[PDB]
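Next up, structure tokens for two forms of one chain, structure 1 and then structure 2.
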Structure 1
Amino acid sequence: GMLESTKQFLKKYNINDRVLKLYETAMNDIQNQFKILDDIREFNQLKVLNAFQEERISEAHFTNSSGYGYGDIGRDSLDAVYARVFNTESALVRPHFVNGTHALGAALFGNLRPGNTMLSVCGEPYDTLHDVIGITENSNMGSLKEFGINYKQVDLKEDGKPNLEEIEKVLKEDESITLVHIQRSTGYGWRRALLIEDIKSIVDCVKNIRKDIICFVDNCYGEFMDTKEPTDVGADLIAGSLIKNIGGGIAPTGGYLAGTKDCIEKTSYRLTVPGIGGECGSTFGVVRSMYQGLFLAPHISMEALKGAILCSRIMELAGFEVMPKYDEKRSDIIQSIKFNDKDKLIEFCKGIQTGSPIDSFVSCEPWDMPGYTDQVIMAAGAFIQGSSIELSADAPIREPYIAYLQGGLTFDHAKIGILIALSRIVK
């Protein structure tokens, strides 16, 4: 149990006895969930190891390609390793994707053509994808809508599960629909992420209407949450970011897609241009970090999830509503806390900032950010800028004052920040 020396050290952070008791109770309560996670982690570590070994990765794959990067074996074998991990025909892993949204956008523009319609089946996509699609606003930035590609949407049911009957009806009534988009993570929605079994039910439902419909999954935040990925239950294409789970906290930028050879090649032509695709693109010497990040990903992903589960339990014990609960099956690393008080939300986030190794001294306050209307507060202090796998928090400043917390390179770090933050509002 916690050392007396550690207790004294935490007192210098103003962590009080009431918070320590809540922590001891929460740790005791969540032990069985941690064991479930360790069983999954064990399988995923083996899965990833096997993929490296099947590709015969060697020292020589730590390339330092320049120029066109023709024949960069490090890049080509990393794609192969990912495709093995995800059990897909192909993959496309590049530092050139600037963020996860870029990878998703490349998938969409890559696989859609004028006259086609895409169908999002988990309600409204996260905000940044809205400009990519041209859902509401269009200002000639060149959205899907501006290239004659249409958008439709089926919301999740009241219970948070996909509306399979409506999905079928919408597909049957519109034969122009060639792509179904499934967001795995909840985003800022007060509901559960979709479980792998839910993604399967969706794909089976879609494929039963027209087998040729491409089932695309935004896999961000869901890597290594289960022993299966969406590609193990019928997904034709998935996309994600290398500064979230799959980079293991160390890939410095980039993104990935895994799926059928056709979907990947089509995506590659949007990443670069038709006729080039993924054949060109040197990797700036960062390929070693991308291999290593993948190898560490199953473990680091669970450190962060463990942080989320402790957060869920401890905040519940402190009297705050939380989503998800500590014992629910999770499909992402995000934890939401309803403070129901603006000041508590602000102080909690400030606490998280002070618990960061980087920029721990920085002003953490509400600010107006481009196109949000409501102010936003963000705690971030990472080794890799914008990394979601490193402890961070964000919240719109509006009723009922919900904060979203994610990451933690280690469970001990996430725990420490959580204790600092909670001590700012519970004493």
Structure 2
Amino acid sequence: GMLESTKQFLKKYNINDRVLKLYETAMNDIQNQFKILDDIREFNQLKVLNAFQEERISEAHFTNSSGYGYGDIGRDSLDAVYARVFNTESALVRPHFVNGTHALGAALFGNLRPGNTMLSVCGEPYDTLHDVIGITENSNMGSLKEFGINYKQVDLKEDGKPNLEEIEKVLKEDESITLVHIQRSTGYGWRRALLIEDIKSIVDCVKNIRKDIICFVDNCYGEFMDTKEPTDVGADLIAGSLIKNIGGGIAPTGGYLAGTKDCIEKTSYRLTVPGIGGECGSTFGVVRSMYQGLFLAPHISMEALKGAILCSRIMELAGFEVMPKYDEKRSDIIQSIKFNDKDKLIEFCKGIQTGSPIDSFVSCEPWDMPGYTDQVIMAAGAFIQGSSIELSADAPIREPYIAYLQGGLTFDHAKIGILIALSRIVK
């Protein structure tokens, strides 16, 4: 078990016996869940490895392109590797995407035209996607609604599963709907994340009514959570962020997209412009960090998930409501905790920040973040700015006072942050 040197070192951070004993109890109760993740990870490592070996990757693929970047073998082979990993025709892996929202927004504006209608089957989508769609306060910024692209919505059932009966009615009753949006990660809510098994039901259901409907899945945080991905259950196009899971903590920035050749090309013309698409775009000498990041993604993703499981159990034992539980199948690295107390929520976040490698001394304060309606606090003591694959904790300041912990480059680091944070709220 934990060495006596380690115990004594933790005392410097004021990690009391209550928290340390509470940690050891949690660590025992969650050991069986860990071995299920390792044999999943094993497949994913071989899945990525195979993708490299088929595309015939070499030292020559770590390009330092400049200008237009015509004939960039590193950039093109990286797209091909992603296509093989997600088992899709094409893929658009680029550092030019400022964040995950840009990648998601690119897919929508790329695959939607004036007259077409959109349909989010998992209720209100990620809060930063509202202005892109133009659901609420529609300013003259150039949203989907402002370009004649309509938006309908169907919420999930009370239990959390997708309301298939209602999805069929809406599609049948509105033939203009050409794209169906499927958010995988729960986001800032209180429900369990949709499994691959849950996505297959939504895809089979909508594809049965009309086969030409595009199934777009917001795949952030769900990378390598299961042996299969949404693209392996009929998903026409997915999208995500390189500073999260798939980047493995190495990827400096960017986003990715994987799907049918037509869906990816249409998305590339939004990223750039019609006629160019993905033809131009230098990699800024960071292509190797993206390759190596993908290779470590299956491993790093599970380290953060293990920290998420530990967090769930230790916090439950402490007496706080947790979502998801330690023994439930997880479709993402996010671990939400409901404190029902504002003091405890901020102290917990400040504790995660203080247990980080970068900007430890910096104190977390609710920040008026872009895209989010309410003022959201975040604990982002990371090498790469705002990475959620690295240990981090954020929460919108609103009742119920729910904190959202995720990440951990190594399980040991994630673990330490949890002990430091928990000690700061319970003496």
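Reference numbering: structure 1, starting with residue 1. Under this definition, the rigid core comprises the largest set of C-alpha atoms superposing within 1.5 Å between the forms.
**Q** Can you tell which residue in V376, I358, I40, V362 has its CA shifted by 2 Å or more between structure 1 and structure 2 when the core is superposed?
**A** Shifted by 2 Å or more: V376 only.
**Q** Core superposed, what is the CA shift for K342 between structure 1 and structure 2, in angstrom?
**A** On core superposition, this C-alpha lies 1.1 Å from its counterpart.
**Q** By how many angstrom is the CA atom of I397 displaced between structure 1 and structure 2 after fitting on the core?
**A** For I397, the C-alpha ends up 2.4 Å from its position in the other form.
**Q** What's the distance in angstrom the Cα of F86 travels between structure 1 and structure 2, core superposed?
**A** Reported C-alpha shift between structure 1 and structure 2: 0.1 Å at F86.
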